[PDB]
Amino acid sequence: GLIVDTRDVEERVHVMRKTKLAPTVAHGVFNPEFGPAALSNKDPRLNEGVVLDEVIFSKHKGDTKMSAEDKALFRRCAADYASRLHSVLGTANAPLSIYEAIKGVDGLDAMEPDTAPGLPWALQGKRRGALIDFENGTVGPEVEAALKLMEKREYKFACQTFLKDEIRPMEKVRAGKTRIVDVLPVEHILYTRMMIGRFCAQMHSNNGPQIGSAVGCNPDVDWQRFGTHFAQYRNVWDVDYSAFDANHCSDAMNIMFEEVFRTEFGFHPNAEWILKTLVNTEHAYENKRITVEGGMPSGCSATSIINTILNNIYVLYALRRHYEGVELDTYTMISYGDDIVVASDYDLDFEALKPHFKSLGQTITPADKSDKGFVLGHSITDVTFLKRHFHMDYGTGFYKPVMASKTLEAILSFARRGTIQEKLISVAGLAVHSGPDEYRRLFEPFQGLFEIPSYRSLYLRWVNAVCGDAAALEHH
């Protein structure tokens, strides 16, 4: 987005801190090129002479404006896509009762219990439950107050900026390119889950190539459902986006919301409103009060769906912007946020699509750095979706999510205070697809120190997951 003004206020949101991620016994054995994100602008690991505050807000390269012509084209690609979407899901998007918006419904889980309630609840020393009954299903004073403020759209707000304490590649670590989270006020998140919470639930339960959404899938079983699909087309593309979230032009955002959340589809007149507020946002990074126009507050309710939807419309908008008579069924794709996998028998030319995407402020590049230029012929067994490859299991000829050993070496090398054992269990199910060998090697440094799930146990579990029949039938 475009930073209109960087003013300095009196208040100051304290975010500075250290990482809770401590090295593990695996570190000294692997020494991965990954490490905790620089949470301090004075961190020695940072290149001598790099303002952490400078990089954090360098993602905003401006809010690309669109010509009425392209706006009409986008509006059509939006209304068109919105047709296929709302067709499958349906038009039962009635406001989710405050109760349902808390406890969650079929598909939509429940609002996190003890998480940053955002502002101004954070400047008054209060927790999430200190304003809402996460045990019951209702809210209190503050909520009901703003709840009535949004009911009349009189409501206004701000976003609290946090430094996502995670593990990242040492290169971007020294580059002070630590990722940040835009924590919005809990009240907002609750209202959004009421306005379109119904919608999201339906999308989650219908993830797939049809609606081009992977939000709600289970890489363990859906990989087999997806793999076959893309391994059916001629060309498979794995596009990448540079600051996908922060580069959503206002015109593309407002048109999308106005097209995908109309009242004719059953949405509440405030569903479109509540979302449009996400355009012009005001961040509160410590003592500074930065204002931005455009982009997406990576950390708001249904933030992934909004991105997934946009990503879907961009592909259609771009293709039509370069070709003629291009319909949805002209190609096939699936995405989870910025991540995306495109496929189409047609020998499309993404390389000549870059500018068309740029007309939206988005910059696409080939996943495979080699010969920076979208080529052709690539199969599903080459692309990487959700940090996972598409490989076949010699044991059952099934498709299974496989993560690069280096990525696994980064995960098993760090962990917070007292979580190793538990983490080993979780991550264990992820390395089961790396094969017996790689598996035993990934947890070798923990033998006798922790309980390591046998490759056997988890393998048989997966088999029953991907296809309950594939397992039982192997008894006859």
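The first residue of the sequence shown is number 1, and the count goes up from there.
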| request: Read off the CA B-factors in the entry, average them over 190-198 and over 281-289, and name the higher stretch. | output: 281-289
| task | Between 118-126 and 317-325, point out the one with the higher average CA B-factor as the PDB entry records it. | result | 118-126
| note | Among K148, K358, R262, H391, highest Cα B-factor in the entry goes to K148
| note | The largest CA temperature factor among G212, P401, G227, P113 is found at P113
| request: Ordered by C-alpha B-factor within the chain, which third holds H433? Give me lowest, middle or highest, please. | output: lowest
| Mind checking which third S413 falls in for C-alpha B-factor across the chain? | middle
| request: Ordered by C-alpha B-factor within the chain, which third holds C159? Give me lowest, middle or highest, please. | output: highest
| query | Which third, lowest, middle or highest, does the CA B-factor of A68 fall in along this chain? | reply | lowest
| query | Going by what the PDB entry lists, where does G337 fall on CA B-factor within its chain: lowest, middle or highest third? | reply | lowest
